[PDB]
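Chains as they are written, first to last, in the entry's author numbering: chain BN, 1 to 138; chain BH, 12 to 178; chain BE, 1 to 205; chain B9, 1 to 37.
Every residue, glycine too, gets a C-beta built ideally from N, C-alpha and C.
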RNA sequence: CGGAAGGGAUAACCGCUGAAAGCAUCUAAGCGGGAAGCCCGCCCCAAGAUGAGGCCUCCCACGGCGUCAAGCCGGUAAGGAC
RNA sequence: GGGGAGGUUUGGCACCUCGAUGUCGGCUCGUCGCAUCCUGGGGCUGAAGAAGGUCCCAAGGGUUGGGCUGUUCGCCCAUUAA
RNA sequence: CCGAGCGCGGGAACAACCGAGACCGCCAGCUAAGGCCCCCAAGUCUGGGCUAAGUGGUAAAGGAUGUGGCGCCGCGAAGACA
């Protein structure tokens with residue numbers, strides 16, 4: 001025969017917690033969902049993996065000293081442009097990042113790996129734009 | 012712990028006394044309850060962290076009770092020469108080795124009070140934040156300075172030779 | 001952190017006090033306030049500020065003759081003071097009093113594409129001994145093989161002119177309501193008869 | 001002494017207190033103010 | 001005229017209540033002081049911040065092929081340009 | 001007398017390059033490093049004060065101008081918080 | 001072993017470390033080395049031990065009341081550590 005090709009599938013939204021979950025353990029799952037890898041109809045080259053909006057990120061938990069320890073680096077092309085912000089302050093200002101980040105490096109990278117990150121919309125809250133389905137999960 | 016006023020909560024023993032009430036939040040790990048007329052405390056097991064926390068907390072809250080039962084006896088004995096302690100209105104205006112008068116202000120939770128300029132009295136109704144400000148005055152003017160002069164609690168000064176040992 | 005809009009004029013030295021003072025004047029004049037701003041539907045706290053009346057047909061359309069109060073448009077249109085809520089009416093000049101220090105913002109005139117000496121400032125060199133081929137030139141830029149890249153932002157041969165700067169800590173000694181002028185310790189940036197906003201200084205608050 | 005790799009109890013009236021992360025050796029006369037460093 | 005003032009977390013270090021280990025401790029729970037250093041305040045860029053954001057106004061259909069599907073074609077209205 | 005770290009010096013090796021990798025100092029232009037020379041702070045001192053010594057943290061900013069020598073290194077010079 | 005196996009898969013990338021001899025096709029099954037949380041294919045399997053350092057994520061003589069576990073010789077209900 002010849003293995004099957006899902007036609008234009010509908011984009012199923014979801015929603016996951018945040019608060020209480022361990023930062024990394026979360027994405028691990030979350031990731032998989034952004035791609036079709038949970039779906040019994042996954043396909044590499046199409047991105048039909050679930051739009052994961054997330055609620056109250058600001059209360060993400062994580063282990064050890066990572067609160068203080070963990071360092072979020074950023075380097076402009078300008079010599080000496082290396083700016084390293086800690087997980088700590090990173091919670092305090094725009095905490096949503098920390099998730100989106102832990103995440104954004106659990107995808108692959110070719111032009112769609114980033115298309116998929118657009119398929120993700122966390123907030124520190126809860127709240128979101130109640131657009132549709134978004135059936136809660138666990 | 013007689014006419015006290017304890018109050019167990021998840022992990023915070025709010026205690027009222029004849030003076031005021033304090034809140035002393037410690038880890039729920041072990042066992043916090045009032046029983047029979049006196050408060051108790053007990054570890055979950057024979058474990059490093061557990062053991063330590065058990066002792067720590069037991070005497071923490073133990074003092075907490077005694078604090079609102081009046082545990083104040085801390086006051087500084089300013090030894091020197093031209094070091095005078097005054098108290099005008101709300102502010103203690105002592106004048107020590109510094110070229111200017113030291114402006115101290117009795118804050119929220121404790122009450123100072125200067126008997127005579129030779130020595131400042133502190134009524135402290137909060138065993139924690141008490142030694143803090145004791146140390147505050149004693150570190151506003153460090154004593155013993157080679158021979159003498161400064162701010163002592165009462166601790167005997169270790170000496171050190173005067174106009175000598177400057178080879 | 002109040003403010004005012006203004007045009008530039010003068011620079012002199014008025015022998016006030018006893019000594020002398022380089023004095024730059026500005027006309028704040030009838031400079032409108034034509035639209036406030038509020039957090040939820042903005043995010044800050046601000047006011048738009050107009051200027052000099054001569055506007056007939058060449059302007060038209062939205063005007064903000066709408067807005068809520070018309071007042072027509074100047075011709076030098078309007079800008080924005082941040083963190084400022086006025087009393088309402090077209091503010092003038094006497095916003096500040098003779099005895100205050102302030103900050104002043106304006107474009108730097110155009111010196112365009114310039115030589116690195118007259119820019120950030122370099123050196124060039126050898127008028128004689130060495131050669132003639134590198135009088136007004138940068139000489140070096142970066143390291144041999146590693147980097148092998150030319151440092152991003154390495155002070156280079158380029159533009160230096162039509163820009164903009166805010167100056168801090170000046171001293172407005174005079175202010176005439178009768179003709180709408182404001183006289184400061186001469187330091188004004190930009191040419192005479194141009195665009196410049198005055199706002200209060202900063203120091204310890 | 002005072003800051004060094006090797007840090008003893010030297011005079012009996014000293015104690016080794018693993019404080020703020022690293023080993024110290026404190027006493028009365030801070031001339032033996034040792035420290036693992 | 002600019003380096004400020006000041007705020008927030010810190011090093012080395014100095015301290016407070018306090019155990020395991022009746023006594024001790026600046027700590028393993030908690031808390032305070034503390035640097036030209038770190039974050040900011042300050043000046044400037046900057047929504048090509050593909051995520052193009054926000055505010056204030058201003059103009060408005062069927063006109064010929066797409067009936068249902070996104071276009072396509074000729075001048076217009078705010079306008080903008082040569 | 002032991003143990004290390006560093007990769008500047010001085011050497012051992014001869015793997016890229018012999019159809020080329022133009023070697024010194026100075027000009028110009030730097031940037032990084034910290035085992036800090038100056039400036040904060042702090043510790044201890046055989047530290048009265050003064051100034052000094054030594055050890056830890058700290059690169060933000062600074063690190064001058066003339067004489068001799070091609071000379072970097074050096075000495076001198078008049079200085080500087082350096 | 002390469003060279004001649006820069007044909008294959010691990011080894012992050014790497015002629016020679018590990019595994020393993022390519023006549024060709026296959027949208028078929030096992031399995032090696034490594035590996036199974038997601039790269040990237042498969043156990044966030046099973047069960048119990050150690051550690052609090054990001055050790056793991058590459059350094060010594062040496063140093064310390066770090067923490068788990070083992071052993072030895074007194075002290076002690078005649079009464080002790082403090």
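The distance from the Cβ of residue 33 (chain BE) to that of residue 93 (chain BE) is about 14 angstroms, inconsistent with a contact at the 8 angstroms cut-off.
At a C-beta separation below 8 angstroms, residue 153 (chain BE) has these neighbours in chain BN: 78, 79.
Distance between residue 33 (chain BN) and residue 43 (chain BN), taken at the CA atoms: about 13 angstroms.
The C-beta distance from residue 22 (chain BN) to residue 61 (chain BN) rounds to 6 angstroms, short enough to meet the 8 angstroms contact threshold. Between residue 180 (chain BE) and residue 29 (chain BE), the CB-CB gap stays under 7 angstroms. Counting other Cβ atoms within 10 Å of its Cβ, residue 49 (chain BN) reaches 16 or more and is therefore classed as buried. Classified as exposed, residue 9 (chain BN) has fewer than 16 neighbouring CB atoms from the shown chains inside 10 Å of its CB. By the Cβ-count criterion, residue 31 (chain BH) is exposed, with fewer than 16 other Cβ atoms from all chains shown falling within 10 Å of its own Cβ.
In the structure shown, residue 113 (chain BN) adopts helical secondary structure according to DSSP, grouped into three states. In chain order, 86, 87, 88, 89, 96 place their CB closer than 8 angstroms to the CB of residue 130 (chain BH), counting only its own chain and leaving out the 5 sequence neighbours on each side. In the three-state reduction of the DSSP assignment, residue 34 (chain BH) falls in the coil class, being assigned neither a helical nor a strand state. Residue state for residue 149 (chain BH) is assigned as helix, using DSSP reduced to three classes.
Cα atoms of residue 175 (chain BH) and residue 59 (chain BH): separation of roughly 50 angstroms, rounded to the nearest angstrom. Beta-carbon to beta-carbon, residue 153 (chain BE) and residue 78 (chain BN) are separated by about 5 angstroms, close enough to satisfy the 8 angstroms threshold.
Under the DSSP assignment, residue 25 (chain BN) falls outside any beta strand (DSSP E), being part of the alpha helix (DSSP H) whose first and last residues are 23 to 34.
DSSP places residue 15 (chain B9) in the strand class (E or B) of the three-state scheme.
Taking a cut-off of 8 angstroms for Cβ pairs, the region 8 to 20 of chain BE and the region 53 to 63 of chain BE do not touch, as fewer than three such pairs fall below it. DSSP places residue 79 (chain BE) within a strand segment (E or B) once states are collapsed to three. For the region 102 to 153 of chain BE, the continuous beta strand (DSSP E) assignments of 3+ residues that do not extend past its boundaries occur at 102 to 106, in sequence order. In the three-state scheme derived from DSSP, where H, G and I count as helix and E and B as strand, residue 35 (chain BE) is classed as strand. A Cβ-Cβ distance of about 19 angstroms is found for the pair residue 26 (chain BE) and residue 47 (chain BE), leaving them out of contact under the 8 angstroms criterion.
In the DSSP assignment, residue 122 (chain BN) falls within the unbroken beta strand (DSSP E) covering 120 to 122. With distances taken between CA atoms, residue 169 (chain BH) lies nearest to 156 (chain BH) out of 178 (chain BH), 33 (chain BH), 135 (chain BH), 156 (chain BH). When the alpha-carbon of residue 47 (chain BN) is set against those of 124 (chain BN), 126 (chain BN), 113 (chain BN), the nearest one is in 113 (chain BN).
Note on geometry: alpha-carbon atoms of residue 193 (chain BE) and residue 201 (chain BE) lie some 23 angstroms from one another. By the Cβ-count criterion, residue 43 (chain BE) is exposed, with fewer than 16 other Cβ atoms from all chains shown falling within 10 Å of its own Cβ.
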